[PDB]
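# Observations on the model geometry
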Amino acid sequence: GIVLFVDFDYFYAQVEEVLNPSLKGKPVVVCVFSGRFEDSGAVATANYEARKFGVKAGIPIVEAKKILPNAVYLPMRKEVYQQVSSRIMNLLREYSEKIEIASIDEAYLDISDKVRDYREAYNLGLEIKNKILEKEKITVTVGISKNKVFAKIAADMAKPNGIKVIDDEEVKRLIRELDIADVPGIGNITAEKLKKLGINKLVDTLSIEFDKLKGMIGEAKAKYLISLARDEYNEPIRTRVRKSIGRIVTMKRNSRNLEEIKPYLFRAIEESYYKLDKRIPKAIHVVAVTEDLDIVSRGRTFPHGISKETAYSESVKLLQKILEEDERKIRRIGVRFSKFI
DNA sequence: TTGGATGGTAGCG
DNA sequence: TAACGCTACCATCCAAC
Ligand SMILES: Cc1cn([C@H]2C[C@H](O)[C@@H](COP(=O)(O)OP(=O)(O)OP(=O)(O)O)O2)c(=O)[nH]c1=O
Ligand SMILES: *Nc1ccc2c(c1)Cc1ccccc1-2
Ligand SMILES: [Ca+2]
Ligand SMILES: [Ca+2]
Ligand SMILES: [Ca+2]
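All residue numbers refer to a per-chain count from 1 along the written sequence rather than necessarily to the numbering of the entry. Residues that lack coordinates are not shown. Written order determines the labels here, with chains lettered from A and ligands numbered from 1. Hydrogens and water are ignored here; the side-chain numbers use all heavy atoms of the structure.

### Remarks on the packing of aromatic side chains
Short version of the rule: Each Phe, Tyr or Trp ring, with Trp reduced to its six-membered ring, pairs with another whose centre is within 6.5 Å; inter-plane angles below 30 degrees give stacked pairs, above 60 give edge-to-face pairs, and intermediate values give tilted ones. A 1.4 Å probe rolled over the protein chains alone gives each residue an accessible area, and that area as a share of the maximum for its type sets the label: buried under 20%, exposed over 50%, partly exposed in between. Put simply, DSSP H or I for four residues or longer makes a helix, DSSP E for two residues or longer makes a strand, and each gets a number counted from the N terminus.
Taken as a whole, this structure holds 8 aromatic pairs when the rule is applied. Plain terms: the ring middles of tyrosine 224 and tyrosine 233 are 5.9 Å apart, the flat faces sit at 85° to each other, and that makes the pair edge-to-face. Judged by relative accessible area, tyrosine 233 falls into the buried class, the value being 15%. Ring geometry for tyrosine 273 versus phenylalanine 337: centroids 4.8 Å apart, planes at 75°, classification edge-to-face. Of this pair, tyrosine 273 sits in helix α11 (residues 258-276) while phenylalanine 337 sits in strand β12 (residues 330-340), and the two are 64 residues apart along the sequence.

### A short note on the UniProt feature "active site" in chain A
As a reminder of what qualifies: UniProt positions are given in the numbering used here, feature names are shortened, and annotations may be inferred rather than shown by experiment. Only heavy atoms enter the contact rule, under which two residues are in contact if any of them lie within 4.5 Å.
According to UniProt, the feature "active site" maps to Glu106 in the numbering used here. With respect to the helices and strands, the residue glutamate 106 is situated in strand β6 (residues 106-110). Non-local contacts of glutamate 106, meaning those with residues more than four positions away in its chain, are made with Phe5, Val6, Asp7, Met89, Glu100, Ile101 and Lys152.

### Some words on the coordination of the calcium ion (ligand 5)
To keep things clear, this is the line we draw: Counted as donors are the N, O and S atoms within 2.8 Å of the metal, or 3.2 Å for Na, K and Ca, while water is not among the atoms, so some sites may look incomplete.
At 2.3 Å from the calcium ion (ligand 5) lie its protein donor atoms, namely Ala181 (O) and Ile186 (O). Given the relative accessible area of 32%, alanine 181 is considered partly exposed.

### Considering the environment of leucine 91
Take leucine 91: it is sitting in helix α4 (residues 78-92). Residue class for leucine 91 comes out buried when judged on its relative accessible area of 13%. Placed 149 residues apart in sequence, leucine 91 and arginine 240 show a C-alpha to C-alpha distance of 18 Å. The residues contacting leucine 91, other than those within four sequence positions of it, are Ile132, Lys135 and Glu136.

Here you go:
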């Protein structure tokens, strides 16, 4: 098994640098402005120059400006980045039929049948890198290993503009030495739970009672980690199929007034159905985020597809359920469609 | 006894 | 002050039997 993973470098900010080369080598921050007030919202990403000052994905814009006033702050232009991504993903298709688009800027290629060994794999990764740079002026990082997880870890190690093979011997080192927090799928919550069991490395999972690990992190995560630690993870590269399409918005003022919330809702519905394009959903979920940032959702599943017109009145009822079942005011309202025909 | 629907949690792009 | 889009999983719980 040989897996090649491509991960585009500081993607949104890098596109902005291609579009405006005067930006290169200076801090750039790409921002999701929420509408509420001036500079309200969060950072989507930033180039490496900006990151040296602590500006990264997810922090409040106002906060980024306290540590880095000097940078270029740009609004996130999602459609534009998606156009570049779509073009890159079509280039990568030329290297293997077995490809899994993981996100806007990640793809896994199964090249087990295209190359004989890691040496040939490395050469392919360089060809891929060079072709993307020539055709799109975009640098990417390539990770190569025996399965998807270690391929992704290899890319993390070589970021930005890198290429790294993690061979059989280094897989063994990583099982022994990689902080378990650095394994894909392990965030703060799981990592903290792991520390309480004395688990700091993948290898620590081998010598714990399976039922004890399961009771702390659940069956799926327990099985995942043990499989990796046993050097047995071998999940196939497969075509991802979109399962849900949804849209969420921050309202100008927090509200409990149905007639005030409704236009925001209807807007999210129109935006979702537009993206759905020929796909027909059998389920609808409305989500509200209250003043104190709690999340509430109400949904309904039908035995048949939901027309755009039906989605309107169905979403209203779901919002009314939330408003009857939660007395707090609402700050954000969203809708999502799923269970496609 | 069991299995889709339900709403929530965790991770992450 | 704290975006927003998506997958996977988890507990729980009610109607089929
Ligand atoms: C992590 C993250 C990414 N994104 C978007 C912007 C990123 O450019 C894009 C890809 O995410 P990443 O691959 O996580 O980040 P990146 O490409 O900007 O930086 P890196 O060099 O470290 O790989 O997804 C968000 O909108 N919100 C987020 O919280
Ligand atoms: N980004 C994003 C957009 C819409 C929705 C979420 C995330 C979660 C959720 C839950 C229910 C309805 C809509 C959404
Ligand atoms: Ca990236
Ligand atoms: Ca990525
Ligand atoms: Ca982590």
